[PDB]
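See below for work_19.cif, which holds mmCIF, C-alpha atoms; chains and numbers go by the auth columns.
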```cif
data_upload
#
loop_
_atom_site.group_PDB
_atom_site.id
_atom_site.type_symbol
_atom_site.label_atom_id
_atom_site.label_comp_id
_atom_site.label_asym_id
_atom_site.label_seq_id
_atom_site.Cartn_x
_atom_site.Cartn_y
_atom_site.Cartn_z
_atom_site.B_iso_or_equiv
_atom_site.auth_seq_id
_atom_site.auth_asym_id
ATOM 1 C CA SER A 1 162.689 158.322 293.660 0.00 66 M
ATOM 2 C CA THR A 2 163.107 154.797 294.033 0.00 67 M
ATOM 3 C CA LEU A 3 166.879 154.099 294.229 0.00 68 M
ATOM 4 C CA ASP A 4 167.651 152.624 290.738 0.00 69 M
ATOM 5 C CA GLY A 5 169.730 149.354 290.774 0.00 70 M
ATOM 6 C CA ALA A 6 173.142 151.012 290.771 0.00 71 M
ATOM 7 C CA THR A 7 172.304 153.407 293.596 0.00 72 M
ATOM 8 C CA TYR A 8 170.641 150.671 295.647 0.00 73 M
ATOM 9 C CA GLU A 9 173.785 148.553 295.380 0.00 74 M
ATOM 10 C CA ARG A 10 175.943 151.445 296.613 0.00 75 M
ATOM 11 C CA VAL A 11 173.658 152.414 299.506 0.00 76 M
ATOM 12 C CA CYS A 12 173.041 148.788 300.496 0.00 77 M
ATOM 13 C CA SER A 13 176.770 148.016 300.417 0.00 78 M
ATOM 14 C CA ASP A 14 177.599 151.046 302.571 0.00 79 M
ATOM 15 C CA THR A 15 174.822 150.177 305.023 0.00 80 M
ATOM 16 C CA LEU A 16 175.704 146.506 305.426 0.00 81 M
ATOM 17 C CA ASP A 17 179.491 146.911 305.296 0.00 82 M
ATOM 18 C CA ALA A 18 179.320 149.367 308.204 0.00 83 M
ATOM 19 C CA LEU A 19 176.934 147.144 310.176 0.00 84 M
ATOM 20 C CA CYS A 20 179.362 144.249 309.749 0.00 85 M
ATOM 21 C CA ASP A 21 182.263 146.389 310.954 0.00 86 M
ATOM 22 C CA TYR A 22 180.277 147.585 313.970 0.00 87 M
ATOM 23 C CA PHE A 23 179.053 144.108 314.947 0.00 88 M
ATOM 24 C CA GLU A 24 182.652 142.922 314.746 0.00 89 M
ATOM 25 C CA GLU A 25 183.650 145.899 316.896 0.00 90 M
ATOM 26 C CA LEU A 26 181.034 145.017 319.511 0.00 91 M
ATOM 27 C CA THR A 27 181.646 141.258 319.610 0.00 92 M
ATOM 28 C CA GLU A 28 185.500 141.390 319.493 0.00 93 M
ATOM 29 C CA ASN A 29 185.338 143.794 322.551 0.00 94 M
ATOM 30 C CA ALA A 30 182.876 141.354 324.327 0.00 95 M
ATOM 31 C CA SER A 31 185.722 138.734 324.770 0.00 96 M
ATOM 32 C CA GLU A 32 183.814 137.227 327.798 0.00 97 M
ATOM 33 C CA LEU A 33 180.829 136.177 325.538 0.00 98 M
ATOM 34 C CA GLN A 34 181.726 132.759 324.008 0.00 99 M
ATOM 35 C CA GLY A 35 180.078 131.152 320.961 0.00 100 M
ATOM 36 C CA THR A 36 179.744 134.522 319.207 0.00 101 M
ATOM 37 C CA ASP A 37 180.822 135.028 315.619 0.00 102 M
ATOM 38 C CA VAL A 38 180.232 137.436 312.752 0.00 103 M
ATOM 39 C CA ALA A 39 180.250 136.224 309.147 0.00 104 M
ATOM 40 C CA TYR A 40 179.708 138.308 306.026 0.00 105 M
ATOM 41 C CA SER A 41 179.648 137.275 302.383 0.00 106 M
ATOM 42 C CA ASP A 42 177.357 137.319 299.356 0.00 107 M
ATOM 43 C CA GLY A 43 175.472 140.249 300.862 0.00 108 M
ATOM 44 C CA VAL A 44 174.487 138.230 303.949 0.00 109 M
ATOM 45 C CA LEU A 45 175.582 139.406 307.399 0.00 110 M
ATOM 46 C CA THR A 46 175.345 136.741 310.122 0.00 111 M
ATOM 47 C CA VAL A 47 175.650 137.655 313.799 0.00 112 M
ATOM 48 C CA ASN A 48 175.608 134.486 315.897 0.00 113 M
ATOM 49 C CA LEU A 49 175.269 135.547 319.541 0.00 114 M
ATOM 50 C CA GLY A 50 175.355 132.037 321.019 0.00 115 M
ATOM 51 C CA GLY A 51 172.936 129.283 321.888 0.00 116 M
ATOM 52 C CA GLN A 52 170.854 131.360 324.294 0.00 117 M
ATOM 53 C CA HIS A 53 170.513 134.585 322.302 0.00 118 M
ATOM 54 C CA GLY A 54 170.275 133.176 318.793 0.00 119 M
ATOM 55 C CA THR A 55 171.421 134.404 315.409 0.00 120 M
ATOM 56 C CA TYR A 56 170.595 137.554 313.467 0.00 121 M
ATOM 57 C CA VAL A 57 170.640 137.526 309.672 0.00 122 M
ATOM 58 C CA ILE A 58 170.686 140.803 307.723 0.00 123 M
ATOM 59 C CA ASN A 59 170.933 140.504 303.963 0.00 124 M
ATOM 60 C CA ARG A 60 170.740 142.286 300.654 0.00 125 M
ATOM 61 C CA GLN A 61 167.802 141.055 298.556 0.00 126 M
ATOM 62 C CA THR A 62 168.624 142.548 295.159 0.00 127 M
ATOM 63 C CA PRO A 63 165.478 141.690 293.124 0.00 128 M
ATOM 64 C CA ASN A 64 163.363 143.553 295.693 0.00 129 M
ATOM 65 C CA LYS A 65 165.894 146.369 296.281 0.00 130 M
ATOM 66 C CA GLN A 66 165.496 145.727 300.006 0.00 131 M
ATOM 67 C CA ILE A 67 167.445 144.731 303.101 0.00 132 M
ATOM 68 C CA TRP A 68 165.902 141.754 304.876 0.00 133 M
ATOM 69 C CA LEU A 69 166.275 141.103 308.599 0.00 134 M
ATOM 70 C CA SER A 70 165.605 138.065 310.755 0.00 135 M
ATOM 71 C CA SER A 71 165.861 138.617 314.527 0.00 136 M
ATOM 72 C CA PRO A 72 165.784 135.731 317.037 0.00 137 M
ATOM 73 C CA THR A 73 163.264 137.678 319.144 0.00 138 M
ATOM 74 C CA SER A 74 161.236 139.866 316.751 0.00 139 M
ATOM 75 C CA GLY A 75 161.236 137.726 313.609 0.00 140 M
ATOM 76 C CA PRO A 76 161.454 138.742 309.955 0.00 141 M
ATOM 77 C CA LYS A 77 161.211 142.169 308.318 0.00 142 M
ATOM 78 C CA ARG A 78 161.789 143.631 304.855 0.00 143 M
ATOM 79 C CA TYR A 79 163.193 147.171 304.687 0.00 144 M
ATOM 80 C CA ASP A 80 162.934 149.747 301.892 0.00 145 M
ATOM 81 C CA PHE A 81 165.257 152.734 301.560 0.00 146 M
ATOM 82 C CA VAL A 82 163.957 156.300 301.830 0.00 147 M
ATOM 83 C CA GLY A 83 166.203 159.242 301.069 0.00 148 M
ATOM 84 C CA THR A 84 169.135 159.890 298.760 0.00 149 M
ATOM 85 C CA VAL A 85 172.744 158.806 298.410 0.00 150 M
ATOM 86 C CA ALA A 86 173.509 161.793 300.640 0.00 151 M
ATOM 87 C CA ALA A 87 171.326 160.564 303.528 0.00 152 M
ATOM 88 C CA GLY A 88 168.473 158.195 304.260 0.00 153 M
ATOM 89 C CA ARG A 89 167.214 155.273 306.300 0.00 154 M
ATOM 90 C CA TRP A 90 165.755 151.783 305.944 0.00 155 M
ATOM 91 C CA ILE A 91 162.079 151.454 306.897 0.00 156 M
ATOM 92 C CA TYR A 92 159.678 148.527 307.355 0.00 157 M
ATOM 93 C CA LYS A 93 156.027 148.831 306.399 0.00 158 M
ATOM 94 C CA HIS A 94 154.657 147.623 309.761 0.00 159 M
ATOM 95 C CA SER A 95 156.964 149.474 312.155 0.00 160 M
ATOM 96 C CA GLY A 96 157.894 153.062 312.866 0.00 161 M
ATOM 97 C CA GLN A 97 161.476 152.178 313.737 0.00 162 M
ATOM 98 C CA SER A 98 164.341 152.062 311.263 0.00 163 M
ATOM 99 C CA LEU A 99 166.540 148.991 310.912 0.00 164 M
ATOM 100 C CA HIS A 100 169.175 150.620 313.110 0.00 165 M
ATOM 101 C CA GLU A 101 166.647 151.645 315.767 0.00 166 M
ATOM 102 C CA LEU A 102 165.475 148.029 316.010 0.00 167 M
ATOM 103 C CA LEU A 103 169.052 146.868 316.543 0.00 168 M
ATOM 104 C CA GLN A 104 169.560 149.655 319.087 0.00 169 M
ATOM 105 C CA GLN A 105 166.539 148.330 320.966 0.00 170 M
ATOM 106 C CA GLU A 106 167.464 144.647 320.918 0.00 171 M
ATOM 107 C CA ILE A 107 171.273 144.481 321.060 0.00 172 M
ATOM 108 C CA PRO A 108 172.218 146.497 324.196 0.00 173 M
ATOM 109 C CA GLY A 109 170.466 144.022 326.510 0.00 174 M
ATOM 110 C CA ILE A 110 172.492 141.176 325.020 0.00 175 M
ATOM 111 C CA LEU A 111 175.896 142.888 324.928 0.00 176 M
ATOM 112 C CA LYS A 112 175.664 144.328 328.426 0.00 177 M
ATOM 113 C CA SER A 113 179.462 144.726 328.354 0.00 178 M
ATOM 114 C CA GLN A 114 179.396 147.397 325.646 0.00 179 M
ATOM 115 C CA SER A 115 178.272 150.965 325.046 0.00 180 M
ATOM 116 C CA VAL A 116 176.078 150.427 321.983 0.00 181 M
ATOM 117 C CA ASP A 117 175.028 153.103 319.475 0.00 182 M
ATOM 118 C CA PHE A 118 173.872 151.894 316.061 0.00 183 M
ATOM 119 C CA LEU A 119 172.635 155.405 315.212 0.00 184 M
ATOM 120 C CA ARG A 120 176.168 156.621 314.416 0.00 185 M
ATOM 121 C CA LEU A 121 176.373 154.364 311.344 0.00 186 M
ATOM 122 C CA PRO A 122 175.653 155.251 307.705 0.00 187 M
ATOM 123 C CA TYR A 123 172.097 155.401 306.343 0.00 188 M
ATOM 124 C CA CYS A 124 169.906 155.739 309.423 0.00 189 M
ATOM 125 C CA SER A 125 169.245 159.484 309.050 0.00 190 M
#
```

Represent the structure of the file as structure tokens.
Amino acid sequence: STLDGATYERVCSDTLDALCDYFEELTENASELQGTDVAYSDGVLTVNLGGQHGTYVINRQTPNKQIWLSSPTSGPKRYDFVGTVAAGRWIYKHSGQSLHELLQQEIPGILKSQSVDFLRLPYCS
């Protein structure tokens, strides 16, 4: 393939909607961590983890049929989808790790209060 426009929109929506839900799950449980907030609109997911840890941005970029990521520690990446509507993952041309594996690497050390597993979410097969 590539995912055509309609399929990309469905897969991207499912991927990002679930990530938003999970980041809300993690940050609403971490009640002791102040200055955190999750915002989500227009295909842009914002995870502000405070003044020390910075802000993640994960967003749909429709013209490119990609998901873009900016991490306060590892910087920017553009992800393409590989797979089908049934199962797939988001991959970046200069890393072996999927989007969700990157978050699994970087987030647990920040949210030490939580048991973190991004690999249970849709579209990281």

List as a ChimeraX atom specification the protein and nucleic acid residues near stretch 170-186 of chain M, meaning an atom at most 12 Å away when all atoms listed in the file are counted, but skip any in the same chain fewer than 6 places from it. /M:79-88,90-99,101,112-115,117-121,136-140,152-154,162-164

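The shortest atom-to-atom distance to residue M:130, with all atoms listed in the file taken into account, belongs to M:145 out of M:107, M:102, M:145, M:89.
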
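The shortest atom-to-atom distance to residue M:129, with all atoms listed in the file taken into account, belongs to M:143 out of M:72, M:189, M:143, M:168.
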
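Shortest atom-to-atom contact with residue M:187 among M:122, M:150, M:156, M:71: M:150, counting all atoms listed in the file.
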
In Å, how far is it from atom CA of residue M:123 to atom CA of residue M:109? 5.9 Å

Interatomic distance, atom CA of residue M:100 to atom CA of residue M:125 (Å, one decimal): 25.0 Å

If you measure from atom CA of residue M:127 to atom CA of residue M:146, what distance in Å do you get, rounded to one decimal? 12.5 Å

Taking only C-alpha atoms into account, which of M:106, M:128, M:116, M:167 comes nearest residue M:69? M:128

Should you be able to, write stretch 86-99 of chain M of this structure into a file that contains N, CA, C and O atoms, as a PDB file, in the first residue's frame.
```
ATOM      1  N   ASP M  86      -6.345   9.399  25.318  1.00  0.00           N
ATOM      2  CA  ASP M  86      -7.004   8.742  26.441  1.00  0.00           C
ATOM      3  C   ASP M  86      -5.986   8.193  27.427  1.00  0.00           C
ATOM      4  O   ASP M  86      -6.157   8.319  28.645  1.00  0.00           O
ATOM      5  N   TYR M  87      -4.927   7.556  26.919  1.00  0.00           N
ATOM      6  CA  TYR M  87      -3.937   6.955  27.807  1.00  0.00           C
ATOM      7  C   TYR M  87      -3.133   8.016  28.551  1.00  0.00           C
ATOM      8  O   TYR M  87      -2.848   7.856  29.742  1.00  0.00           O
ATOM      9  N   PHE M  88      -2.739   9.098  27.871  1.00  0.00           N
ATOM     10  CA  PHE M  88      -2.009  10.157  28.561  1.00  0.00           C
ATOM     11  C   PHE M  88      -2.878  10.808  29.631  1.00  0.00           C
ATOM     12  O   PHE M  88      -2.388  11.149  30.710  1.00  0.00           O
ATOM     13  N   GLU M  89      -4.165  10.997  29.346  1.00  0.00           N
ATOM     14  CA  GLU M  89      -5.078  11.424  30.398  1.00  0.00           C
ATOM     15  C   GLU M  89      -5.109  10.410  31.534  1.00  0.00           C
ATOM     16  O   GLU M  89      -4.957  10.780  32.703  1.00  0.00           O
ATOM     17  N   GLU M  90      -5.232   9.124  31.214  1.00  0.00           N
ATOM     18  CA  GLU M  90      -5.213   8.108  32.259  1.00  0.00           C
ATOM     19  C   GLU M  90      -3.979   8.257  33.141  1.00  0.00           C
ATOM     20  O   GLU M  90      -4.079   8.269  34.373  1.00  0.00           O
ATOM     21  N   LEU M  91      -2.805   8.391  32.526  1.00  0.00           N
ATOM     22  CA  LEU M  91      -1.566   8.424  33.292  1.00  0.00           C
ATOM     23  C   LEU M  91      -1.454   9.695  34.128  1.00  0.00           C
ATOM     24  O   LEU M  91      -1.029   9.643  35.289  1.00  0.00           O
ATOM     25  N   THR M  92      -1.823  10.847  33.560  1.00  0.00           N
ATOM     26  CA  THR M  92      -1.623  12.105  34.274  1.00  0.00           C
ATOM     27  C   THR M  92      -2.704  12.366  35.316  1.00  0.00           C
ATOM     28  O   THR M  92      -2.436  13.031  36.322  1.00  0.00           O
ATOM     29  N   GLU M  93      -3.904  11.827  35.146  1.00  0.00           N
ATOM     30  CA  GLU M  93      -5.019  12.067  36.104  1.00  0.00           C
ATOM     31  C   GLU M  93      -4.693  11.184  37.324  1.00  0.00           C
ATOM     32  O   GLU M  93      -4.930  11.652  38.446  1.00  0.00           O
ATOM     33  N   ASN M  94      -4.077  10.009  37.133  1.00  0.00           N
ATOM     34  CA  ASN M  94      -3.640   9.119  38.240  1.00  0.00           C
ATOM     35  C   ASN M  94      -2.497   9.817  38.986  1.00  0.00           C
ATOM     36  O   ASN M  94      -2.545   9.804  40.233  1.00  0.00           O
ATOM     37  N   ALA M  95      -1.522  10.408  38.283  1.00  0.00           N
ATOM     38  CA  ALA M  95      -0.366  11.128  38.883  1.00  0.00           C
ATOM     39  C   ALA M  95      -0.869  12.462  39.453  1.00  0.00           C
ATOM     40  O   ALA M  95      -0.449  13.498  38.954  1.00  0.00           O
ATOM     41  N   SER M  96      -1.707  12.447  40.493  1.00  0.00           N
ATOM     42  CA  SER M  96      -2.308  13.666  41.110  1.00  0.00           C
ATOM     43  C   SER M  96      -1.225  14.485  41.832  1.00  0.00           C
ATOM     44  O   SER M  96      -1.449  15.685  42.046  1.00  0.00           O
ATOM     45  N   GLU M  97      -0.101  13.865  42.193  1.00  0.00           N
ATOM     46  CA  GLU M  97       1.002  14.529  42.948  1.00  0.00           C
ATOM     47  C   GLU M  97       1.890  15.358  42.009  1.00  0.00           C
ATOM     48  O   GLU M  97       2.730  16.109  42.531  1.00  0.00           O
ATOM     49  N   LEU M  98       1.739  15.213  40.684  1.00  0.00           N
ATOM     50  CA  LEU M  98       2.578  15.939  39.685  1.00  0.00           C
ATOM     51  C   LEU M  98       1.785  17.162  39.237  1.00  0.00           C
ATOM     52  O   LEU M  98       0.812  16.969  38.494  1.00  0.00           O
ATOM     53  N   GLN M  99       2.186  18.359  39.659  1.00  0.00           N
ATOM     54  CA  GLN M  99       1.433  19.602  39.377  1.00  0.00           C
ATOM     55  C   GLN M  99       1.949  20.206  38.069  1.00  0.00           C
ATOM     56  O   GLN M  99       3.074  19.877  37.656  1.00  0.00           O
TER      57      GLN M  99
END
```
